[PDB]
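Encoded as C-alpha cells, the structure appears first; notes follow it.
No Cβ is skipped: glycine too gets one built from the backbone with ideal geometry, and neighbour counts run over all protein chains shown. Please treat every number below as a calculation from the coordinates, not as lab data.
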There are 2 protein chains.
Amino acid sequence: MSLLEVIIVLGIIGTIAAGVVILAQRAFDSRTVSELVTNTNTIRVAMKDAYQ
Amino acid sequence: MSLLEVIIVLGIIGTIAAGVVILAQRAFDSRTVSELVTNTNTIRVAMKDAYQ
C-alpha cells in the first residue's frame, strides 16, 4: 500500500533475483560437467575402436 | 461597537490564539513521532540488509 512497503518488497525481489543468478550459473556448470564426462568417455571408446 | 465590546472580542481572540498554540505543538509532536517510527523501521531494514 505505502511506498516504503513496496520498497521493501522490491528489495526482497532483487534478493530472489540474485539467488536465481547463482542457481543458473551452478546449473549450467553441472550440465556442462556431465556433458564433458559423457563426451570424454565417448571419445575414449571411439579412439580405442578407430585406430586399432 | 463600544470599547467594552471590542475588549471582550479581543479576549476571545486571544483565547483562540492560545488554543492554536497548543494544537500546533501537538501536530508537530504527532508528525515527528510518525516520522521517527517510519525512519527507525527503515534504519532497521537497512542495517539488516547492509551488514549481512
### Message
I'd like the full set of residues that are of a type outside the set (G, A, S) and closer than 24 Å to A:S2 by Cβ, limited to region B:12-32.
### Response
B:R26, B:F28, B:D29, B:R31, B:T32
### Task
Inspect all residues belonging to region A:28-50 and state whether any of them is under 30 Å from B:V45 (Cα atoms) and part of a helix (DSSP H, G or I).
no
#### Entry: Residue count, chain A (criterion: out of contact with any helix residue (DSSP H, G or I) (no Cβ under 7 Å at 6 or more places or on another chain) and within 14 Å of chain B (Cβ to nearest Cβ))
15
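Here's the yes/no breakdown for (1) surrounded by 10 or more Cβ atoms within 10 Å (Cβ to Cβ); (2) under 17 Å from A:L4 (Cβ atoms); (3) polar (S, T, N, Q):
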| residue | (1), (2), (3) |
| --- | --- |
| B:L10 | yes, no, no |
| B:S34 | yes, yes, yes |
| B:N39 | yes, yes, yes |
| B:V45 | yes, yes, no |
